[PDB]
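Note that ligands are numbered from 1 as they come in the structure, with each ligand's atoms numbered from 1 the same way. In this chain, numbering begins with 1 at the start of the sequence shown.
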Amino acid sequence: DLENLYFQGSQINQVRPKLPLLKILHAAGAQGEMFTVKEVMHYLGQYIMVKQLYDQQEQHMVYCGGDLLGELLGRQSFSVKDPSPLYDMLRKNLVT
Ligand SMILES: COc1ccc(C2=N[C@@H](c3ccc(Cl)cc3)[C@@H](c3ccc(Cl)cc3)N2C(=O)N2CCNC(=O)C2)c(OC(C)C)c1
């Protein structure tokens with residue numbers, strides 16, 4: 001079965017965050033240094049909620065500037081409805 005052969009070792013697709021991103025995930029309660037991409041997105045959401053980086057009046061807006069997360073994103077702000085900076089950052093900071 002060639003489909004099985006292809007998918008062996010790549011059915012979970014674990015990643016290792018680079019050290020600055022790993023520090024953010026730990027701050028959100030993550031343990032260890034290997035995650036699924038879904039786990040990474042969970043801990044990033046949780047980080048923004050516990051650091052109170054979102055706008056109470058406009059909850060889709062994150063004000064990450066002068067936080068480590070804003071350094072990693074290269075942004076002062078982003079809307080979750082326009083998440084291009086997050087895609088760019090995870091492309092750069094998640095190692096298979
Ligand atoms: C209307 O208010 C919303 C609507 C959606 C989100 C959101 N949307 C989810 C989401 C957004 C973009 C992508 Cl690419 C993936 C997931 C996910 C999330 C995950 C990682 C990051 Cl860095 C930011 C947000 N994510 C969340 O983390 N949410 C889900 C809903 N409410 C929450 O308390 C947490 C949201 O996130 C805050 C953390 C800003 C606020």
Look at atom 36 (O) of ligand 1 and say which protein heavy atom is nearest, naming residue and atom and giving the distance to 0.1 Å.
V80 CG1, 4.0 Å
What do the steps show when you test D67 against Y47 for side-chain contact (heavy atoms from CB on, under 4.5 Å), and what is the final call?
CA-CA 11 Å; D67 186 274; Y47 179 86; 2.6 Å; yes
Quick one, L21 with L44, criterion side-chain contact (heavy atoms from CB on, under 4.5 Å). Give me CA distance, side-chain angles, the key distance, then yes/no.
CA-CA 9 Å; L21 176 52; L44 279 175; 3.9 Å; yes
Specify whether the nearest protein heavy atom to atom 29 (C) of ligand 1 is under 4.0 angstrom away.
no
Looking only at protein heavy atoms, which one is nearest to atom 32 (C) of ligand 1, and how far off is it?
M49 SD, 4.3 Å
Would you mind reporting whether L86 and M41 have side-chain heavy atoms less than 4.5 Å apart?
yes
Sub-4.5 Å side-chain heavy-atom contact between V15 and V95
no
Go through ligand 1 atom by atom and flag the ones less than 4.0 Å from a non-hydrogen atom of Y87.
14 (Cl)
Could you check whether atom CD1 of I12 has more than 12 heavy atoms from other residues, nucleotides or ligands sitting under 6.0 Å from it?
no
Could you please spell out the steps behind the side-chain contact (heavy atoms from CB on, under 4.5 Å) verdict for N13 and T36?
CA-CA 6 Å; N13 296 320; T36 73; over 6 Å; no
Using a heavy-atom cut-off of under 4.0 Å, does the side chain or the backbone of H42 touch ligand 1, or both, or neither?
neither
Which atom pairs, one a donor and one an acceptor, fall under 3.5 Å between side chains of residues 56-65 and the rest of the protein, sequence neighbours left out?
residue: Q56; atom: OE1; partner: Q59; partner atom: NE2; Å: 3.2
residue: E58; atom: OE1; partner: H60; partner atom: NE2; Å: 3.4
residue: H60; atom: ND1; partner: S79; partner atom: OG; Å: 3.3

Check the surroundings of atom CD in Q14: do more than 12 heavy atoms from other residues, nucleotides or ligands lie under 6.0 Å from it?
yes
Protein non-hydrogen atom below 4.0 angstrom of atom 9 (C) of ligand 1 present
no
As a check for students: among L73, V40, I48, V37, identify the option with a heavy atom nearest to atom 38 (C) of ligand 1.
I48
Atoms in ligand 1 flagged as close to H60, the criterion being non-hydrogen separation under 4.0 Å
1 (C), 2 (O)
Close side-chain approach of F35 and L22, heavy atoms under 4.5 Å
yes
Specify the protein heavy atom at minimum distance from atom 18 (C) of ligand 1: its residue, its atom name, and the distance to 0.1 Å.
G45 CA, 4.3 Å
Numbering as shown, the atoms of ligand 1 that approach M41 to under 4.0 Å (heavy-atom distance)
15 (C), 19 (C), 20 (C)
Any non-hydrogen protein atom below 4.0 Å of atom 2 (O) of ligand 1?
yes
Any non-hydrogen protein atom below 4.0 Å of atom 20 (C) of ligand 1?
yes
Using a 4.0 Å cut-off to any heavy atom of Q59, which atoms of ligand 1 qualify?
2 (O), 39 (C), 40 (C)
Closest candidate by heavy atom, reference atom 13 (C) of ligand 1, pool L90, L86, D82
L86
What atoms of ligand 1 come closer than 4.0 angstrom to any heavy atom of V62?
39 (C)
Indicate if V40 and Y87 have the same hydrophobic cluster label, given that clusters are the connected sets of ILVMFWY residues with side-chain heavy-atom separations under 4.5 angstrom.
no
